[PDB]
């Protein structure tokens, strides 16, 4: 009693793959068959199901409208056609027989890794911001930090303010240049991998989420933000 899985691999975004699952040791034509996936370091996630007949296909929202489940009962084979692949599809995909009240997922394929990426073997510049949250009162000085995983060419680092429900607003660019109209209490500094945004004296309108942003290469990245809230 087994499910012999095949397919998968590393594919460019937008691409297509077909997974296969050849069944033996049970009455395939009498069995509902499902796909389940598991993103790296994450939990099991249902993907798709098909009735013994080939009718009544169902799909999780993560794949609906892009993936197609099908079966060939005369070949005891289940398929998952994956189209328009995107980075968030990256995961180990398992086929499974669904026995319902007579066994849940009682037969599993061994799984195959699908990775959707156009990336080289290197890594992007990761920006870490500290602290995650600042509880301050108006009048106090706030010092925000942005730490880059590697050096930032030309000091191409910018800071943005974002209030709830509003677009980001440029504060500082080139690590230290104040954007037009920005009050003088906003000052940025640093070079290389360590950068700092300073608000000399907080006003009530300064409470917001602040983002750092590096634009030194073709893969611009952002920090995850620092929230300045009233204490």
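Positions refer to the first chain, counted from 1.
Once the C-alpha B-factors are averaged per stretch, 59-67 and 183-191 rank with 183-191 first.
The stretch 157-165 shows the higher mean C-alpha B-factor when 101-109 is compared against 157-165 in the entry. Residues shown: 38, 31, 198, 49. Highest C-alpha temperature factor in the entry: 198. Out of 118, 133, 76, 84, it is 133 whose C-alpha atom has the highest B-factor in the PDB entry. Remark: residue 140 belongs to the highest third of its chain, ranked by C-alpha B-factor as recorded.
Ranked within its chain, residue 205 lands in the highest third, by CA B factor from the PDB record. Per the deposited record, the Cα B-factor of residue 90 falls in the lowest third when ranked against the other modelled residues of its chain. Residue-level temperature factors show residue 20 in the lowest third of its chain, judged at the C-alpha atom. Among all modelled residues in its chain, residue 219 ranks in the highest third by Cα B-factor.
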